Amino acid sequence: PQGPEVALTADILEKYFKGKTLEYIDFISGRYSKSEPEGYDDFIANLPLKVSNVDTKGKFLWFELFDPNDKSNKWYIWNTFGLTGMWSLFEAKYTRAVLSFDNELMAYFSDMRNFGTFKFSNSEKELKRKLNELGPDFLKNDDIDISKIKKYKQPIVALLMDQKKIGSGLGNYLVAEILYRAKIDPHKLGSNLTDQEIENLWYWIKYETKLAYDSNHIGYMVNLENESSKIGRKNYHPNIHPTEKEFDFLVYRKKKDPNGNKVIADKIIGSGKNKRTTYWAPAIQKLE
DNA sequence: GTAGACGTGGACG
DNA sequence: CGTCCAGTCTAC
């Protein structure tokens with residue numbers, strides 16, 4: 001999941017678990033049933049702990065916890081979702097981690113491919129440096145300076161898929177959709193964009209992230225769609241208002257765009273076994 | 001730059 | 001059966 005899904009997920013985890021007391025976390029299968037996550041033993045030795053919040057930056061999610069009788073000593077759960085990571089209020093297929101709160105309340109993290117990660121830490125300093133490895137959150141920051149794009153002689157699709165250079169939160173489908181709406185060829189070097197292209201790109205980045213955030217059935221978050229429609233949405237990018245009510249794929253994994261224009265499934269970014277497919281429509285997206 | 005890896009599928013032929 | 005597609009790390 002990308003920025004929008006991770007953020008909505010954290011909103012839901014906060015609604016249900018902020019102020020609750022975590023009593024145990026069990027890794028019942030997957031990678032962490034075979035090997036302990038970093039810091040697990042030390043964290044477990046300090047349970048139970050009260051959840052003070054759940055927050056996100058880009059695709060990175062974390063819990064903040066503390067003991068009411070020593071409110072200064074804070075604990076953190078670091079979480080990345082990878083490709084198939086998903087939280088839920090019920091024990092779904094591929095459940096890897098089970099969080100047990102007071103009064104039989106439960107949270108479950110599921111992950112088919114096991115690419116998601118957990119780390120436990122007692123260091124606010126370590127988290128701060130971690131957050132500093134990520135660019136500003138595309139969804140939650142309303143004034144990122146997108147003109148930094150022009151300094152890089154690299155394909156705009158790679159610059160946007162990077163989590164540090166311009167901003168964090170965008171992934172394979174957001175980028176493709178954004179570049180289609182902005183009418184920009186994915187190959188175009190950031191250093192070749194005009195100031196108008198940049199302004200237009202920033203408009204559409206906000207438009208798409210907000211649209212995805214606001215959606216109730218994006219796909220991945222099936223395990224929370226009951227909760228998604230029962231919770232509100234924070235007023236990110238307040239001045240931008242998508243017309244559609246659900247996020248729709250215009251080019252991603254499509255053979256044609258909505259107007260019948262051919263969609264190319266291009267392999268621009270990556271090498272070896274990390275190559276990604278960039279969907280774009282040449283008829284619409286050009287170098288101008 | 002290039003290459004590989006991390007489990008587990010779904011869709012399709 | 002088979003093939004291809006589906007966030008981020010690491011090394012030469």
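Every chain is numbered from 1, with letters handed out A, B, ... down the list of sequences. Only this structure's heavy atoms are used, side chains among them; waters, hydrogens and symmetry mates stay out.
Only the P atoms considered, B:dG4 is 14 Å distant from C:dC4, to the nearest whole Å. A gap of 16 Å separates the P atoms of B:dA5 and C:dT3, to the nearest Å. Look at the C1' atom in both C:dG2 and B:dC6: the space between them is 24 Å, to the nearest Å.
Separating the CE atom of A:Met112 from the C1' atom of B:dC6 is a distance of 14 Å, rounded to the nearest angstrom. At whole-Å resolution of the value, CG in A:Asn114 and P in B:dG7 are 7 Å apart. In this structure, A:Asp111 places its CG atom 10 Å from P of B:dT8, rounding to the nearest Å. Rounding to whole angstrom units, CE of residue A:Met86 and P of B:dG7 are separated by 19 Å. Rounded to an integer number of Å, the gap from CZ of A:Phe115 to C1' of B:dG7 is 6 Å.
A:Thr277 comes within contact range of the sugar-phosphate backbone alone, with a heavy-atom separation under 4.0 Å but no base atom that close. Contact annotation for A:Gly171: backbone-only contact, meaning every heavy-atom pair under 4.0 Å involves sugar-phosphate atoms and none involves a base. Contacts of A:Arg31 with the nucleic acid, taken as non-hydrogen atoms under 4.0 Å apart, are absent. Across all strands, A:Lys267 comes closer than 4.0 Å only to sugar-phosphate atoms, never to a base (heavy-atom distances). Using a 4.0 Å heavy-atom cutoff across all strands shown, A:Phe60 reaches no nucleic acid atom at all. Note on A:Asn274: a base of the nucleic acid sits closer than 4.0 angstrom, heavy atoms only.
The torsion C1'-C2'-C3'-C4' is the criterion here, and for B:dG4 it is positive, giving a north pucker. Sugar pucker of B:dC6 is north, as judged by a positive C1'-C2'-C3'-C4' dihedral.
Geometrically, A:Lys254 does not engage A:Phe249 in a cation-pi contact, judged by NZ or CZ lying under 6.0 Å from the ring centre and within 45° of the ring axis. No cation-pi contact links A:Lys59 to A:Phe81, judged by a cut-off of 6.0 Å to the six-membered ring centre and 45° from its axis.
Nearest approach of A:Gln2 to A:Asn172, heavy atoms of both residues: OE1-N, 3.6 Å.
Not less than 6.0 angstrom separates the ring centroid of A:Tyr40 from the ring centroid of A:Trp78. Two rings, from A:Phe17 and A:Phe101, have their centers less than 6.0 Å apart.
Protein chain A contacts DNA chain C from C:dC5 to C:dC9, reading 5' to 3' and using non-hydrogen atoms of the protein with a distance under 4.0 Å.
Using a 4.0 Å cut-off between charged nitrogen and carboxylate oxygen, A:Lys140 and A:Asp55 count as a salt-bridge pair. Using a 4.0 Å cut-off between charged side-chain N and carboxylate O, A:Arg181 and A:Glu244 make a salt bridge.
A syn base is found at B:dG7: its glycosidic angle is within 90° of 0.
As the counterpart of C:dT10, B:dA3 is assigned, both hydrogen-bonding distances of the Watson-Crick or G-U wobble pattern falling under 3.5 Å.
No option in A:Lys245, A:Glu227, A:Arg233, A:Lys230 other than A:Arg233 meets the side-chain hydrogen bond (donor to acceptor under 3.5 Å, both in side chains) test with A:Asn216.
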